[PDB]
Structures are given as C-alpha cells and as structure tokens.
Number of protein chains: 2
Amino acid sequence: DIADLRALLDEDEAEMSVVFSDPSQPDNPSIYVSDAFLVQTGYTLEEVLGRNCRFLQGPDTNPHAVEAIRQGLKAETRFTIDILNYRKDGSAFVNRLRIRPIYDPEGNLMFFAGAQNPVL
Amino acid sequence: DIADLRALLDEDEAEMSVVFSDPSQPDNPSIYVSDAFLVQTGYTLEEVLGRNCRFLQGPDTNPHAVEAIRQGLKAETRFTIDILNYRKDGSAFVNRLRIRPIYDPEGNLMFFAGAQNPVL
Ligand SMILES: Cc1cc2nc3c(=O)[nH]c(=O)nc-3n(C[C@H](O)[C@H](O)[C@H](O)COP(=O)(O)O)c2cc1C
Ligand SMILES: Cc1cc2nc3c(=O)[nH]c(=O)nc-3n(C[C@H](O)[C@H](O)[C@H](O)COP(=O)(O)O)c2cc1C
C-alpha cells in the first residue's frame with residue numbers, strides 16, 4: 001500500500017509542478033514528484049525520484065540563489081525565489097520556486113514541499 | 001503546517017484506535033495516535049507520542065507474541081495478533097492488533113499503521 005503524498009498538497013498545488021522531499025534521508029531526496037513536474041522538466045519518474053532536486057540547476061544558475069535555498073531550508077520557513085533552472089534537453093527557464101516545511105504532530109520536521117512555476 | 005497523517009487511514013480505521021509509526025527513526029516511534037487510542041489506554045498525547053508502542057505491554061504479556069510482532073514488522077507484511085495489553089491504570093485487555101506497512105512512491109518502507117481492537 002502506497003502513501004497518498006498528494007493528500008498533503010495545498011489547493012494551488014494540485015495542477016502544479018510539485019515535489020516532496022524527505023529531509024531525514026541523506027541529501028534530502030525527492031520522494032514524490034508530480035506529473036506536471038516531469039512534463040515541464042523532460043524527465044521520467046525513474047530519472048529523478050530519490051534524487052536531490054539540484055539536478056534542475058545548470059551552468060548559468062546563480063550559486064548565491066542556490067545557497068539562499070540551502071539556508072532557507074535550514075531555517076525551516078516558507079520562502080520563494082526566482083532561480084534559473086534547466087530541462088533535460090538543456091533548455092533554460094526562470095523558475096519561481098516556493099518551498100514550505102511540513103511537520104509531524106510532534107512538531108518535528110517531516111517533509112519539504114516545493115512548487116515550481118515558470119516565470120512568464 | 002502539519003501533515004494530515006489520518007488521510008492515510010483505511011475506511012475501517014477512522015473511528016478506531018490507530019497508531020502510525022516511523023521505522024526510519026530510532027526504535028520505530030509513534031508519530032500519530034488517534035484520540036480513540038488515547039481514550040482506551042488512559043494516556044495523554046504527550047505521554048505516548050514519540051515512544052515505541054511496547055509501553056502497551058505488561059507483566060503477563062506473552063513474550064512470544066511480542067517476538068511475533070517484531071518479526072512481522074521485519075517481514076513488512078500485513079498481520080494480526082491477539083496480545084494482552086495494559087492501560088495506564090494497570091488494567092489488562094486482549095488487543096486484536098492489526099499492522100500493515102505503508103510505502104512511498106519509490107517503494108521504500110515509509111510508515112507502519114497499527115489498529116487496536118479490544119477482543120470482546
Ligand atoms: C522540495 C524541494 C524542492 C526543490 N525544488 C527545486 C527546484 O525546483 N529548482 C532548484 O533549483 N532547486 C530546488 N530545490 C533545491 C535543491 O534541492 C537544493 O536544496 C539546493 O540546490 C541547495 O542545496 P545544495 O547547496 O546542497 O545544492 C528543491 C529543494 C526541495 C527540498
Ligand atoms: C504502528 C505500530 C503499532 C503497534 N501497536 C501495538 C499495540 O497496540 N500493542 C502492542 O503490544 N504492541 C504494539 N506494537 C509493537 C511494539 O511497538 C513493538 O514493535 C513490539 O513490542 C516488538 O518489538 P520489541 O521486541 O522491540 O519490543 C506496535 C508497533 C507498531 C509499529
């Protein structure tokens with residue numbers, strides 16, 4: 001039996017590119033990625049599940065934006081950042097990335113939710 | 001924001017005593033316990049959340065039934081066992097315990113769900 005991770009999505013996220021990660025696993029890997037994510041990025045589920053989402057970054061991604069995300073995750077707070085991301089075919093797009101922490105009833109950090117929106 | 005763990009309950013479990021545990025944490029602690037569980041066992045949420053459910057066992061609990069549960073968990077399969085359990089006030093009851101594993105989209109074990117039913 002498989003956990004319905006999508007039952008933890010916000011209303012805005014249902015038709016969105018969204019990723020859930022497990023920060024209690026080494027390197028905070030994705031444990032769920034929506035079909036919209038896979039469509040936008042050009043990957044199959046097998047290519048990305050269980051990997052840290054940094055594979056979306058590429059040669060012109062700003063390293064300070066990457067460090068900003070890393071510190072935002074450590075802060076365990078809601079944040080949004082515009083970051084240059086890349087599809088499997090090498091094409092680049094500005095990604096408005098919104099991340100929020102999700103806690104268990106004890107109050108321990110449980111998951112991160114990250115929603116991607118191409119900036120048009 | 002808090003994960004709706006109860007959104008992973010089976011239909012029969014909603015008005016039941018149920019526990020979810022996190023086997024990736026040391027000693028497989030409870031991360032969710034229903035109000036029906038707390039009512040039947042006589043505990044407050046603070047007294048039991050984050051503890052392994054073996055606190056339900058007591059002086060006349062059969063140690064082979066305990067070992068059976070331990071092996072069933074290692075097997076990652078659905079199982080049910082009748083085991084003598086105890087409330088905080090020391091009173092004892094026969095517990096028909098049903099446990100099932102819950103996996104993530106990758107297929108890795110994610111949670112255990114355990115439902116308690118007093119045998120009448
Ligand atoms: C749920 C989640 C979703 C993420 N989505 C993206 C994303 O869409 N694009 C991106 O560049 N980084 C994303 N990240 C950030 C990377 O996974 C990583 O945290 C970032 O590169 C900083 O960590 P690092 O310095 O170890 O690489 C996401 C992180 C999480 C936890
Ligand atoms: C989700 C879950 C619910 C459990 N519920 C009970 C229970 O109601 N009564 C009980 O005696 N053991 C219950 N257990 C079993 C104990 O937590 C523990 O696994 C058992 O005592 C065997 O492990 P041990 O030999 O380390 O004690 C439950 C275990 C899990 C994972």
Side-chain angles (χ1 to χ4, degrees), chain A residues 16-23 25 27-33 37 40-41 48 51-58 61-74 76 79-86 93-102 109 111-118, chain B residues 16-23 25 27-33 37 40-41 48 51-58 61-74 76 79-86 93-102 109 111-118:
Chain A
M16 268 210 287
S17 175
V18 75
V19 173
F20 302 119
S21 76
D22 186 355
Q25 292 187 50
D27 201 27
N28 193 20
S30 60
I31 63 175
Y32 172 90
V33 300
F37 179 103
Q40 159 77 313
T41 62
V48 297
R51 302 179 61 193
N52 185 284
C53 292
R54 76 174 61 85
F55 64 82
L56 298 169
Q57 298 154 17
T61 300
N62 192 291
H64 296 286
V66 172
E67 185 57 25
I69 299 171
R70 202 176 70 94
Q71 292 295 320
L73 295 172
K74 291 181 176 297
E76 295 180 24
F79 64 96
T80 306
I81 190 161
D82 286 7
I83 185 168
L84 191 70
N85 280 173
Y86 292 74
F93 61 100
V94 174
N95 175 13
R96 183 154 296 162
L97 171 64
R98 190 230 310 159
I99 286 173
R100 60 192 176 88
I102 303 172
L109 178 65
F111 308 106
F112 285 109
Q116 296 82 14
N117 279 279
Chain B
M16 268 210 287
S17 175
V18 75
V19 173
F20 302 119
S21 76
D22 186 355
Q25 292 187 50
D27 201 27
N28 193 20
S30 60
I31 63 175
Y32 172 90
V33 300
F37 179 103
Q40 159 77 313
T41 62
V48 297
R51 302 179 61 193
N52 185 284
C53 292
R54 76 174 61 85
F55 64 82
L56 298 169
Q57 298 154 17
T61 300
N62 192 291
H64 296 286
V66 172
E67 185 57 25
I69 299 171
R70 202 176 70 94
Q71 292 295 320
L73 295 172
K74 291 181 176 297
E76 295 180 24
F79 64 96
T80 306
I81 190 161
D82 286 7
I83 185 168
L84 191 70
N85 280 173
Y86 292 74
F93 61 100
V94 174
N95 175 13
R96 183 154 296 162
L97 171 64
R98 190 230 310 159
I99 286 173
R100 60 192 176 88
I102 303 172
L109 178 65
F111 308 106
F112 285 109
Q116 296 82 14
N117 279 279

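Just follow the structure's listing: the first ligand is 1, and inside any ligand the first atom is 1. Each chain gets a letter, A, B and so on, in the order the sequences are listed, and its residues count up from 1.
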Residue set satisfying side chain to side chain donor-acceptor pair (under 3.5 Å) with B:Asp22, at least two apart, ordered chain then number -> B:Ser24, B:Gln25

Rounded at 0.5 Å granularity, tell me how far CZ in B:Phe79 sits from CD1 in B:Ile99.
3.5 Å

Can any side-chain N or O of A:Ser30 pair as donor or acceptor with the backbone N or O of A:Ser21 at less than 3.5 Å?
no

B:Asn52: which residues meet the side chain to side chain donor-acceptor pair (under 3.5 Å) condition with it, sequence neighbours left out?
none

Apply ring-ring contact (aromatic ring centres under 6.0 Å, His included) to A:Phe55 and list each qualifying residue two or more places apart in sequence or on a separate chain.
A:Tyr43

Do A:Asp27 and A:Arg54 meet the salt-bridge criterion of a basic N to acidic O distance under 4.0 Å?
yes

What are the polar N/O contacts of ligand 1 with the protein below 3.5 Å, with distances?
residue	atom	partner	partner atom	Å
ligand 1	5 (N)	A:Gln116	NE2	3.4
ligand 1	8 (O)	A:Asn95	ND2	3.1
ligand 1	8 (O)	A:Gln116	NE2	3.0
ligand 1	9 (N)	A:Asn85	OD1	2.8
ligand 1	11 (O)	A:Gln57	NE2	3.1
ligand 1	11 (O)	A:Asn85	ND2	3.0
ligand 1	12 (N)	A:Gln57	NE2	3.4
ligand 1	17 (O)	A:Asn52	OD1	2.7
ligand 1	17 (O)	A:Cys53	N	3.4
ligand 1	21 (O)	A:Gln57	NE2	2.8
ligand 1	26 (O)	A:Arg54	NH2	3.0
ligand 1	27 (O)	A:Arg54	NE	3.0

